[PDB]
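Participant: My questions will all concern the structure given below.
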Amino acid sequence: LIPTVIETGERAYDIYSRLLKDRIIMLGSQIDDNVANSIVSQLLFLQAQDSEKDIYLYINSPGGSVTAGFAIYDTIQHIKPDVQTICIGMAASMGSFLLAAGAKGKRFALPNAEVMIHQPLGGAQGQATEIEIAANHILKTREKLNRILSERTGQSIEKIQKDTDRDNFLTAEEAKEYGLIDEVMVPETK
Amino acid sequence: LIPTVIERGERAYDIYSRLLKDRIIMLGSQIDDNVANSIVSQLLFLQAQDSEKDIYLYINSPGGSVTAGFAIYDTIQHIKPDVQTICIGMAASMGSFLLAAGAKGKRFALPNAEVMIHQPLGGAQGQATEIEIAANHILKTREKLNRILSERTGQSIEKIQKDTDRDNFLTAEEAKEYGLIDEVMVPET
Amino acid sequence: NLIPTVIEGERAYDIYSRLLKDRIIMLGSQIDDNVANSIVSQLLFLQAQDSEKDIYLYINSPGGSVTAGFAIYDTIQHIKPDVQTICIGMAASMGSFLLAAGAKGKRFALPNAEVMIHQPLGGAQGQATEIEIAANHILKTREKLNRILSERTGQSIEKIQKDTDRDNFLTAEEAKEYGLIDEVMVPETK
Amino acid sequence: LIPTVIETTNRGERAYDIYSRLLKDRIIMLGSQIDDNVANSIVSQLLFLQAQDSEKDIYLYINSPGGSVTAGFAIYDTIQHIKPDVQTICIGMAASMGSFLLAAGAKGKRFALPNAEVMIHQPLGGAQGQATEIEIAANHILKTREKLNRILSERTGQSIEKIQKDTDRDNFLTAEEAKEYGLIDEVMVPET
Amino acid sequence: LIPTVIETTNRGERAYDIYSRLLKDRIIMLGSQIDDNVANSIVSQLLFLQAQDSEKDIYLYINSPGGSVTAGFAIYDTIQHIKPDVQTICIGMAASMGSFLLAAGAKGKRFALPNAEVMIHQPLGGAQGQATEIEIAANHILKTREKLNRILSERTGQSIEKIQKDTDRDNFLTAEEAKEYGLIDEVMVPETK
Amino acid sequence: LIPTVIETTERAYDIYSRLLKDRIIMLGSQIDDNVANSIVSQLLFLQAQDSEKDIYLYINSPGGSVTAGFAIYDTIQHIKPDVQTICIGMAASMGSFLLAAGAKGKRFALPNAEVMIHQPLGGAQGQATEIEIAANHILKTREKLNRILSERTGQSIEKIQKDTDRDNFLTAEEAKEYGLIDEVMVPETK
Amino acid sequence: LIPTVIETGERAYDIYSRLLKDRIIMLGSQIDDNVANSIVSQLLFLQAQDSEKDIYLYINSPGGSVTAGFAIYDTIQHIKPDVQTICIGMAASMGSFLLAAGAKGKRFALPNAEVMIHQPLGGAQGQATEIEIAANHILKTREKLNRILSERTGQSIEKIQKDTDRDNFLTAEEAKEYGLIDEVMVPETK
Amino acid sequence: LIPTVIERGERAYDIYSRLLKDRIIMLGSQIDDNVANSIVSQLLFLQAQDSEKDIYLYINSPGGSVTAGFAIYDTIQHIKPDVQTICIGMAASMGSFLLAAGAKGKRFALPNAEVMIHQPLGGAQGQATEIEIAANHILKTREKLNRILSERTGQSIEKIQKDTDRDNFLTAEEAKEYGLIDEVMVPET
Amino acid sequence: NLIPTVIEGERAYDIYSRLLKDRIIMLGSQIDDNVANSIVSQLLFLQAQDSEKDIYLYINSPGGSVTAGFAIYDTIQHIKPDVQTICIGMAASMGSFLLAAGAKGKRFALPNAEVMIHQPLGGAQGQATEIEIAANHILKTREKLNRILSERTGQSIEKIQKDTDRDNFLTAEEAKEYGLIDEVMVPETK
Ligand SMILES: CCOC[C@H]1CC2=C(CN1Cc1cccc(F)c1)C(=O)N(Cc1ccc(Cl)cc1)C1=NCCN12
Ligand SMILES: CCOC[C@H]1CC2=C(CN1Cc1cccc(F)c1)C(=O)N(Cc1ccc(Cl)cc1)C1=NCCN12
Ligand SMILES: CCOC[C@H]1CC2=C(CN1Cc1cccc(F)c1)C(=O)N(Cc1ccc(Cl)cc1)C1=NCCN12
Ligand SMILES: CCOC[C@H]1CC2=C(CN1Cc1cccc(F)c1)C(=O)N(Cc1ccc(Cl)cc1)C1=NCCN12
Ligand SMILES: CCOC[C@H]1CC2=C(CN1Cc1cccc(F)c1)C(=O)N(Cc1ccc(Cl)cc1)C1=NCCN12
Ligand SMILES: CCOC[C@H]1CC2=C(CN1Cc1cccc(F)c1)C(=O)N(Cc1ccc(Cl)cc1)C1=NCCN12
Ligand SMILES: CCOC[C@H]1CC2=C(CN1Cc1cccc(F)c1)C(=O)N(Cc1ccc(Cl)cc1)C1=NCCN12
Ligand SMILES: CCOC[C@H]1CC2=C(CN1Cc1cccc(F)c1)C(=O)N(Cc1ccc(Cl)cc1)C1=NCCN12
């Protein structure tokens with residue numbers, strides 16, 4: 001149950017609204033349209049409060065809708081502030097795509113976090129012409145995902161295509177070697 | 001239930017076994033593997049009884065599996081006897097494909113029978129590459145069906161593709177003009 | 001149901017197979033492809049036994065599939081023997097259509113039988129153009145039915161269209177006055 | 001469930017199920033809810049028995065809660081059409097269209113066992129849709145009741161007015177009461 | 001849960017739910033399937049914003065698969081009725097009445113993010129019952145498509161014949177393709193990010 | 001889902017409570033008893049605040065219960081203020097009945113709005129006399145609705161009966177021509 | 001419905017028992033244990049009637065259980081008679097594996113028949129040790145299937161592994177080029 | 001329902017927000033992503049309030065998702081304050097993994113609390129190669145968990161593997177001897 | 001349920017929160033982890049308010065999870081304040097165990113309350129060794145419960161084992177005679 005937080009009671013908020021106060025956005029669920037619209041609004045709200053201060057996007061999500069993921073992706077690239085990303089626990093599907101889309105040099109993963117990449121999933125039923133339409137669409141969607149992943153990791157599109165043909169699980173250090181993140185966040189002091 | 005008929009001498013058969021004794025095969029249900037396997041067996045059995053007498057295929061079917069329909073189609077083309085076809089009631093999907101596959105000049109429809117043609121149906125769920133494999137296969141299947149329909153009707157492949165893009169209902173008279181059947185069977189005496 | 005068995009020589013038959021020996025065919029259920037295919041076969045079998053003796057079609061049926069009914073209809077008109085019809089209990093939908101398809105002068109109903117006429121039922125779900133295709137098809141079907149009903153009853157096509165717009169229940173006497181049957185079969189005893 | 005009876009005959013061992021054995025003695029069992037399948041089978045048996053002998057009586061055993069009105073009329077009209085007298089007897093219970101067919105037997109040959117029950121009521125139905133569709137259904141079911149009440153009046157001797165009151169609600173009658181009403185001619189007293 | 005935003009100002013701390021904060025900047029979120037409830041809320045928001053200021057632009061964010069055609073026309077007719085220009089932007093996806101409403105924004109102020117997708121198609125429906133009932137439903141859904149195609153032709157500049165052919169089946173367009181087609185006026189590009 | 005509006009000069013309202021402050025009532029759902037009871041209460045509250053200022057009824061509804069619709073209709077006719085009506089999106093069944101019940105000259109429709117008229121729907125299960133009771137009640141209700149519709153539109157009762165036998169869809173312009181509305185509201189400026 | 005066949009009635013059998021009389025076995029369903037046990041018994045019965053006469057195995061099946069398929073495979077290889085195979089309509093999964101296991105030179109397909117090859121499918125749920133057990137088992141099963149397929153087609157195991165990684169659909173002529181069958185059965189005369 | 005507590009001055013909190021005011025975090029349910037995200041946020045919020053005061057993590061949980069458990073585990077190791085842990089009632093699966101992850105010398109269990117350890121669970125359905133990918137991943141995950149448990153308890157990897165092969169129930173006293181906790185909290189005054 | 005609200009100064013609280021102000025905790029439902037965690041928190045909160053004043057635990061509960069009950073049990077024995085217990089209505093399973101866990105001399109029941117004791121319930125489905133593990137665990141659990149019950153009632157462990165073999169219903173007076181409570185709380189009025 002979402003706990004209520006008391007600052008210094010004096011002032012009270014739910015935990016996630018208190019995070020937003022520090023310019024932290026929680027992407028901690030499956031990505032559907034509602035989740036994306038919320039995150040888009042939060043990003044635009046933070047830019048309006050300060051168009052130069054970094055924003056922090058916490059990712060612990062199995063992914064979800066590709067179009068919903070691109071709503072968030074395009075909003076990240078449109079705003080002025082750097083958006084840092086960190087994988088907490090797990091990032092798969094569009095979750096890991098967004099992790100890789102954080103400001104260059106500010107993409108992180110905790111030491112035991114897991115990153116998964118794969119090709120998109122879909123579906124089609126009906127006449128042959130309708131199956132062809134869905135196939136052409138999902139294949140075009142895969143090409144768009146692979147091109148951007150190639151641009152943000154430094155790997156070739158051919159390697160991205162090969163490495164996502166099947167479910168591919170990466171450790172935090174492996175995600176750094178791959179170019180999906182920049183640093184494995186080490187503990188501060190203790 | 002399936003009635004029993006007596007008769008020549010006093011013999012009792014179920015009505016459909018009696019039909020087979022006159023070299024008539026009833027394709028009167030949705031086409032699945034079990035239906036196709038039975039019809040293939042009946043066709044081969046009739047050819048073994050007499051390799052020169054015509055065979056008669058009665059079609060009142062909404063169609064079904066494409067591969068099951070081709071099992072029947074290939075057996076018709078393989079055996080020596082002519083296989084006559086007649087649409088009674090309705091012939092759709094592979095049912096109308098098999099109606100058009102009868103012996104040239106021996107494909108019929110009763111006056112108020114209906115013929116429907118359309119493109120094949122299918123599905124696909126999974127990774128983008130699995131969707132592509134499923135789409136490529138169903139498109140090849142549609143192309144295979146359309147080529148034969150072009151040969152059997154005399155229409156161009158372009159017209160077959162356009163006319164099967166959506167559900168197309170044809171009257172018996174329209175089916176003859178289209179080339180799916182040769183004659184509308186008219187009431188005798 | 002528990003269909004009783006009758007014994008006669010040396011022949012035991014279920015009650016319905018015994019009927020066929022007298023050239024009587026029972027149309028006593030909803031009309032589907034299975035029922036139509038069996039009745040078409042029975043009609044052809046009876047003609048092969050004797051191409052001149054009348055056949056008798058008993059009808060106690062709510063109707064059913066239009067194409068299944070036409071399989072029977074066309075087989076009736078194709079074969080040489082006269083096919084008499086009689087409504088027992090109720091004839092609705094394609095059941096009353098087939099009742100009216102008997103050899104003229106040999107269509108009957110029992111005094112308390114009911115006949116119902118009405119327009120065909122159908123459905124359509126999908127794109128606008130798919131709905132239009134299904135509508136044009138079921139309208140063409142209704143015209144085909146009304147055309148034939150007009151020929152076999154003597155009513156104008158416009159009258160048939162009007163009387164079948166809604167469910168229309170007819171007594172045996174009214175079915176005769178309407179032209180659906182030729183005579184109400186009355187008891188020749190008390 | 002249904003036992004088989006075997007009898008040494010002229011042409012050798014012959015086997016019947018108990019219900020087919022009853023039919024060989026011109027006994028027809030109406031012992032279930034009346035649907036189209038039950039009515040069509042009973043219509044076929046009545047015509048078969050008349051073809052075997054057009055003057056010998058037929059015996060219709062009734063233990064049924066009733067059912068479809070049109071199915072019941074298929075049996076009713078077949079009874080009135082054939083030449084042989086059709087006797088009726090209620091065993092256990094005859095309700096709805098069951099008691100209608102019980103009263104439809106040959107005059108003087110309508111019976112009920114001493115503890116059998118007879119029930120009469122008005123027809124049941126349903127209707128869902130536009131107002132004009134409900135009107136069509138209401139007119140039809142009301143016509144059906146008038147038809148049923150008229151024949152019941154002819155079969156029992158009671159006026160149409162009394163039939164309307166006595167069938168407005170479920171009305172249970174004893175065997176003696178049924179005889180009294182005219183639905184049956186005599187209550188069958190124990191054979192010796 | 002819809003998060004709450006705190007605005008530290010020259011007087012202190014103010015709290016709104018995130019969407020009420022969007023409305024304060026004259027931004028309306030069309031981010032779900034379009035049913036009657038969604039349309040009635042958006043119609044109310046458009047009328048409220050015009051009452052607050054009849055000349056400031058309004059911004060309609062669209063990430064929606066579409067839905068009811070009559071619900072979408074409630075929104076369309078309110079956009080055209082009010083005085084302020086209504087800008088539209090496709091975020092993520094605009095399909096069915098979603099892409100129709102995207103094309104209905106003020107001319108020159110219809111946008112899409114670079115990776116957003118636009119889909120156009122013909123309306124969907126159903127019908128079950130008597131033949132004359134099927135005919136009525138078919139006539140109605142076909143008239144609705146003529147209406148949609150007529151307005152879509154006016155908003156895009158394409159002919160009604162081309163729109164009919166291009167919506168016969170599901171048609172997916174990229175942002176640039178939506179601009180070339182005339183459904184949007186500009187692909188909103190990132191300034192250096 | 002329902003947004004809250006912040007209005008300068010310290011009040012926060014849900015959007016529908018804000019509409020009521022402008023004497024606007026939203027009939028935007030299927031009409032059941034709860035919907036009617038709330039709308040009746042709103043109408044009485046607005047009259048108590050001001051007995052001469054117009055009230056505005058927004059209609060985007062598929063209709064619903066006839067008695068619930070008449071609860072709204074009778075309250076409209078009872079109160080002193082004029083009740084203007086406008087069809088936005090769609091008005092069918094009791095929805096279109098209430099649209100035509102607005103103050104004469106103040107019944108509107110947006111240009112692309114749809115109006116649907118039809119006869120009432122119902123059901124009946126049981127004894128023959130019970131179905132007769134249900135049928136008599138539905139026909140009475142139809143007459144009532146038709147008679148009022150005739151008075152509100154100027155069309156004869158015979159034409160209303162014919163035009164509502166089946167589902168009848170009308171454009172905004174067709175609704176004006178029929179007399180169900182007075183004006184097609186055209187664009188401010190535009 | 002399985003029809004009854006009358007020879008010269010005189011003698012009557014169901015259609016499939018009449019086929020068996022000609023040493024024809026129908027593999028026309030999904031392969032489960034019951035189907036395999038039946039076919040094993042039929043093969044042994046035919047060998048007992050004549051240990052030198054060819055046997056004919058008709059295949060129109062989507063496949064099924066791998067162990068059930070190997071029951072049939074091993075019985076084919078154990079008996080003395082040649083077992084001819086023919087793809088009728090479709091053969092996939094173990095169906096196509098059995099098609100390829102027919103006597104060399106007597107493996108056929110009708111011209112429009114389809115052959116599909118793929119890797120085996122399975123499942124596992126539970127502790128990590130149990131998932132490992134199922135994985136090792138299904139991988140071993142794939143190696144056994146690929147080795148035999150390599151022996152009966154002439155292709156290398158590496159090529160079989162590559163070509164079955166995904167669903168692979170072959171035409172009759174393609175199946176012959178691949179080595180899964182020997183001849184495409186052409187029509188005899190007409 | 002969650003009770004409301006009053007109190008110092010007159011202040012009202014729900015009982016769990018009152019716990020957080022004393023730097024106590026309740027891990028009292030099955031561990032899914034939503035639970036982990038909330039606990040990660042509470043840990044970071046407490047560190048922002050005071051980076052030197054201990055934090056107290058109450059555990060009464062059957063466990064749940066392994067990745068969600070590691071989200072909590074990594075946040076505990078990342079922040080500066082010591083995070084104390086105590087098992088109340090029961091700690092199983094990732095719940096017992098997190099109990100063992102507390103600050104050295106500050107991992108507790110009430111006397112009648114239960115600790116269970118076992119290997120991770122999962123599933124897999126599809127082609128042989130998909131089953132292999134799923135098995136390889138869950139085996140790597142089990143190896144990752146076992147390595148940390150070895151470091152946190154002092155037991156060898158061999159013993160951890162044997163002791164988690166099947167469901168293993170431990171008493172509080174047994175959990176201390178095993179090295180999963182440091183002390184059994186005994187009743188005071 | 002509709003929990004009423006009481007008002008008092010200036011404080012409005014639901015009836016259960018008002019109870020806590022008097023150091024009364026309500027254990028009035030089946031015992032699950034959620035209920036246990038809340039009661040543990042309440043106990044610690046009350047001790048933090050005053051480590052010397054008695055706490056009062058009302059019990060009207062069918063029991064539930066054994067581990068959840070022990071969370072409460074151990075918290076009761078850990079804190080300094082005495083915890084009084086009283087059975088209201090019924091205390092069964094872990095509910096009667098916790099009733100017996102109150103401070104000696106301060107365990108009560110209302111005159112017509114019922115107490116039930118019995119052995120724990122559990123399950124086990126799978127391999128022989130898995131069933132043995134679950135059996136040994138639930139037997140160890142029963143010994144732990146019987147050991148403590150023996151200490152707090154004064155009965156031998158063997159007597160407890162015998163009396164809990166089956167469901168055992170006790171009156172308030174019998175619960176006192178058994179040692180589960182210390183006194184039957186009688187009315188100090190009429
Ligand atoms: C309808 C066309 O217009 C689009 C434009 C309008 C607009 C934007 C950004 N849009 C582009 C866009 C949209 C979605 C994602 C994205 F990456 C860019 C914006 O960022 N703000 C400032 C703000 C936002 C949220 C709050 Cl809560 C407070 C302040 C703004 N204020 C008035 C209009 N407007
Ligand atoms: C590898 C198997 O290829 C076998 C070939 C063998 C064969 C055929 C035809 N098969 C080819 C085939 C198969 C399917 C469809 C098709 F178009 C051609 C055949 O027709 N008969 C005669 C017969 C059949 C059924 C009965 Cl009931 C009685 C007699 C026959 N008797 C022994 C072997 N054999
Ligand atoms: C596919 C070509 O079909 C032509 C023709 C073949 C045929 C017919 C009738 N077909 C036309 C037809 C079909 C359906 C309905 C209809 F109104 C007319 C027929 O009636 N008989 C006699 C018979 C039939 C059933 C039995 Cl049980 C016993 C004897 C017959 N014997 C060999 C071929 N043949
Ligand atoms: C289609 C219109 O005409 C039907 C008519 C013809 C006929 C009758 C009586 N039908 C009238 C009828 C039908 C239904 C109910 C009813 F009350 C009367 C009949 O009774 N038999 C003798 C018989 C019947 C069943 C067997 Cl099992 C054996 C012998 C007969 N044999 C050939 C034609 N025919
Ligand atoms: C019933 C017939 O008339 C309706 C008319 C009346 C009206 C309108 C506009 N309606 C037309 C309309 C309706 C729906 C959509 C559309 F495109 C135009 C309006 O915009 N306002 C101002 C306002 C609105 C919302 C808020 Cl929250 C605050 C202020 C207003 N105030 C009193 C009446 N009225
Ligand atoms: C239990 C161990 O023994 C096995 C052996 C016994 C046996 C066989 C073959 N088994 C080997 C086997 C079994 C399954 C498949 C397979 F490839 C080989 C056999 O083929 N026949 C002849 C026969 C068979 C079926 C009929 Cl219907 C009539 C005659 C036989 N007769 C007695 C024992 N026996
Ligand atoms: C790419 C994002 O990496 C962000 C980094 C930023 C950050 C952290 C820690 N993140 C790393 C991280 C994330 C998840 C777990 C974990 F172990 C460490 C932080 O702890 N605080 C203080 C704070 C937090 C919650 C509240 Cl309620 C109030 C204050 C903070 N304030 C602004 C940015 N920021
Ligand atoms: C993980 C280490 O746990 C040790 C200790 C921490 C602690 C306790 C009790 N723990 C032990 C414990 C836990 C569960 C049950 C139990 F019987 C004893 C405590 O009682 N209080 C005071 C308090 C609590 C709740 C509120 Cl609402 C207000 C005040 C406290 N304040 C800071 C740390 N701490």
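We label chains A, B, ... in the order they appear in the structure tokens, count residues from 1 in each chain, and number ligands from 1 in the order shown.
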Show me, as a ChimeraX atom specification, the residues of chain D whose atoms get within 12 Å of chain F, using only C-alpha atoms for the distance check.

Facilitator: /D:121-146,164-165,167-170

Participant: Selection from above, N, CA and C atoms, as a CSV table (one decimal), in the first residue's frame, can you write it?

Facilitator:
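selection.csv written:
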```csv
chain,number,residue,atom,x,y,z
D,121,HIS,N,-54.2,-25.8,-16.9
D,121,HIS,CA,-53.7,-24.4,-16.8
D,121,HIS,C,-53.7,-23.7,-18.2
D,122,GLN,N,-53.5,-22.4,-18.2
D,122,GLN,CA,-53.4,-21.7,-19.4
D,122,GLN,C,-52.0,-21.8,-20.0
D,123,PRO,N,-51.8,-21.6,-21.3
D,123,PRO,CA,-50.5,-21.8,-21.9
D,123,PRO,C,-49.5,-20.7,-21.4
D,124,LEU,N,-48.2,-21.1,-21.6
D,124,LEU,CA,-47.1,-20.2,-21.2
D,124,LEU,C,-46.3,-19.8,-22.4
D,125,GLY,N,-45.6,-18.7,-22.3
D,125,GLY,CA,-44.8,-18.2,-23.4
D,125,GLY,C,-43.9,-17.1,-23.0
D,126,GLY,N,-43.3,-16.4,-24.0
D,126,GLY,CA,-42.4,-15.3,-23.8
D,126,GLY,C,-42.4,-14.4,-25.0
D,127,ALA,N,-41.9,-13.2,-24.8
D,127,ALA,CA,-41.8,-12.2,-25.8
D,127,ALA,C,-40.8,-11.1,-25.5
D,128,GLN,N,-39.8,-10.8,-26.3
D,128,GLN,CA,-38.9,-9.8,-26.0
D,128,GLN,C,-38.6,-9.0,-27.3
D,129,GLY,N,-38.7,-7.7,-27.2
D,129,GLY,CA,-38.4,-6.8,-28.4
D,129,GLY,C,-39.2,-5.5,-28.4
D,130,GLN,N,-39.4,-5.1,-29.7
D,130,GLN,CA,-40.2,-3.8,-29.8
D,130,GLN,C,-41.7,-4.1,-29.4
D,131,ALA,N,-42.4,-3.0,-29.2
D,131,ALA,CA,-43.8,-3.1,-28.7
D,131,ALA,C,-44.6,-3.8,-29.7
D,132,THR,N,-44.4,-3.6,-31.0
D,132,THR,CA,-45.2,-4.4,-32.0
D,132,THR,C,-44.9,-5.9,-32.0
D,133,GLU,N,-43.6,-6.2,-31.7
D,133,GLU,CA,-43.3,-7.7,-31.6
D,133,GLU,C,-44.0,-8.3,-30.4
D,134,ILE,N,-44.0,-7.6,-29.2
D,134,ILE,CA,-44.7,-8.1,-28.1
D,134,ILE,C,-46.2,-8.2,-28.3
D,135,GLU,N,-46.7,-7.3,-29.1
D,135,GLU,CA,-48.1,-7.4,-29.5
D,135,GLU,C,-48.4,-8.6,-30.3
D,136,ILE,N,-47.5,-8.9,-31.3
D,136,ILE,CA,-47.7,-10.1,-32.1
D,136,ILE,C,-47.7,-11.3,-31.3
D,137,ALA,N,-46.7,-11.4,-30.3
D,137,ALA,CA,-46.6,-12.6,-29.5
D,137,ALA,C,-47.8,-12.7,-28.5
D,138,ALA,N,-48.3,-11.6,-28.0
D,138,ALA,CA,-49.5,-11.6,-27.1
D,138,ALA,C,-50.7,-12.0,-27.9
D,139,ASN,N,-50.9,-11.5,-29.1
D,139,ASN,CA,-52.1,-12.0,-29.9
D,139,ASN,C,-52.1,-13.4,-30.2
D,140,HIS,N,-50.9,-14.0,-30.5
D,140,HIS,CA,-50.8,-15.4,-30.9
D,140,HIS,C,-51.0,-16.3,-29.7
D,141,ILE,N,-50.4,-16.0,-28.5
D,141,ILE,CA,-50.7,-16.8,-27.3
D,141,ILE,C,-52.1,-16.7,-26.9
D,142,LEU,N,-52.7,-15.6,-27.0
D,142,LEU,CA,-54.1,-15.5,-26.6
D,142,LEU,C,-55.0,-16.2,-27.6
D,143,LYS,N,-54.7,-16.2,-28.9
D,143,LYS,CA,-55.4,-17.0,-29.8
D,143,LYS,C,-55.3,-18.5,-29.5
D,144,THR,N,-54.1,-18.9,-29.1
D,144,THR,CA,-53.8,-20.3,-28.8
D,144,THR,C,-54.6,-20.8,-27.6
D,145,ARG,N,-54.8,-19.9,-26.6
D,145,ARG,CA,-55.6,-20.3,-25.5
D,145,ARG,C,-57.1,-20.4,-25.9
D,146,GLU,N,-57.6,-19.5,-26.7
D,146,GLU,CA,-59.0,-19.6,-27.1
D,146,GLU,C,-59.2,-20.9,-27.8
D,164,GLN,N,-62.2,-21.1,-18.7
D,164,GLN,CA,-61.3,-19.9,-18.6
D,164,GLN,C,-61.0,-19.7,-17.1
D,165,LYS,N,-62.0,-19.8,-16.2
D,165,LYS,CA,-61.7,-19.6,-14.8
D,165,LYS,C,-60.9,-20.7,-14.2
D,167,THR,N,-58.7,-22.6,-15.5
D,167,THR,CA,-57.4,-22.7,-16.0
D,167,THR,C,-56.6,-21.4,-15.9
D,168,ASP,N,-57.2,-20.4,-15.2
D,168,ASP,CA,-56.5,-19.1,-15.0
D,168,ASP,C,-55.3,-19.3,-14.2
D,169,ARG,N,-55.3,-20.2,-13.2
D,169,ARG,CA,-54.2,-20.6,-12.4
D,169,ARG,C,-54.0,-22.2,-12.4
D,170,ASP,N,-52.9,-22.6,-11.9
D,170,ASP,CA,-52.7,-24.1,-11.9
D,170,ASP,C,-53.8,-24.7,-11.1
```

Participant: What residues have any atom no more than 7 Å from ligand 3 when counting only C-alpha atoms and all ligand atoms, and can you list them as a count of residues only?

Facilitator: 27

Participant: Name the residues, by chain letter and number, that sit within 7 Å of ligand 5 using only C-alpha atoms and all ligand atoms, and give them as an NGL selection string.

Facilitator: (:E and (43-45 or 47-48 or 51 or 77-79 or 81-82)) or (:F and (15 or 18-19 or 22-24 or 56-58 or 84-86 or 88 or 106-108))

Participant: Set the distance at 7 Å and use only C-alpha atoms: which residues neighbour residue 30 in chain D once local chain neighbours fewer than 6 positions away are removed? I'd like the list as a short mmCIF file (atom, residue, chain, number, x, y, z; two decimals) with N, CA, C and O atoms, in the first residue's frame.

Facilitator:
```cif
data_model
loop_
_atom_site.label_atom_id
_atom_site.label_comp_id
_atom_site.auth_asym_id
_atom_site.auth_seq_id
_atom_site.Cartn_x
_atom_site.Cartn_y
_atom_site.Cartn_z
N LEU D 60 -53.03 -45.26 -25.54
CA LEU D 60 -52.04 -44.21 -25.30
C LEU D 60 -51.88 -44.02 -23.80
O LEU D 60 -52.81 -43.58 -23.12
N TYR D 61 -50.71 -44.40 -23.28
CA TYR D 61 -50.36 -44.23 -21.88
C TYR D 61 -49.75 -42.85 -21.65
O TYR D 61 -48.76 -42.50 -22.30
N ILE D 62 -50.28 -42.10 -20.70
CA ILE D 62 -49.87 -40.72 -20.50
C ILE D 62 -49.34 -40.56 -19.08
O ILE D 62 -50.08 -40.70 -18.10
N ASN D 63 -48.04 -40.28 -18.97
CA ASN D 63 -47.40 -39.85 -17.73
C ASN D 63 -46.43 -38.75 -18.17
O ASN D 63 -45.25 -39.01 -18.45
N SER D 64 -46.95 -37.53 -18.29
CA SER D 64 -46.21 -36.43 -18.91
C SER D 64 -46.59 -35.09 -18.30
O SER D 64 -47.78 -34.85 -18.03
#
```

Participant: List every residue of range 99-138 of chain C that DSSP, applied to the backbone, labels as strand (DSSP E), and write the result as a list in words.

Facilitator: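 Those residues are residues 107, 108, 109, 114, 115, 116, 117, 121, 122, 123, 124, 125, 126 and 127 of chain C.
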
Participant: Save the residues we just selected, C-alpha atoms, as a CSV table (one decimal), in the first residue's frame?

Facilitator:
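To be explicit, this is the file written out as again-v7.csv:
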```csv
chain,number,residue,atom,x,y,z
C,107,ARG,CA,-50.3,-29.4,-50.1
C,108,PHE,CA,-52.2,-30.0,-46.8
C,109,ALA,CA,-52.3,-29.1,-43.1
C,114,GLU,CA,-49.9,-23.5,-37.4
C,115,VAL,CA,-47.9,-21.9,-40.2
C,116,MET,CA,-45.6,-18.9,-39.8
C,117,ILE,CA,-44.1,-16.8,-42.5
C,121,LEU,CA,-32.6,-13.6,-40.2
C,122,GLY,CA,-28.9,-13.0,-40.4
C,123,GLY,CA,-25.9,-11.1,-39.0
C,124,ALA,CA,-22.8,-9.1,-39.9
C,125,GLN,CA,-19.9,-7.8,-37.8
C,126,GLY,CA,-16.8,-5.8,-39.1
C,127,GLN,CA,-15.9,-3.0,-41.5
```
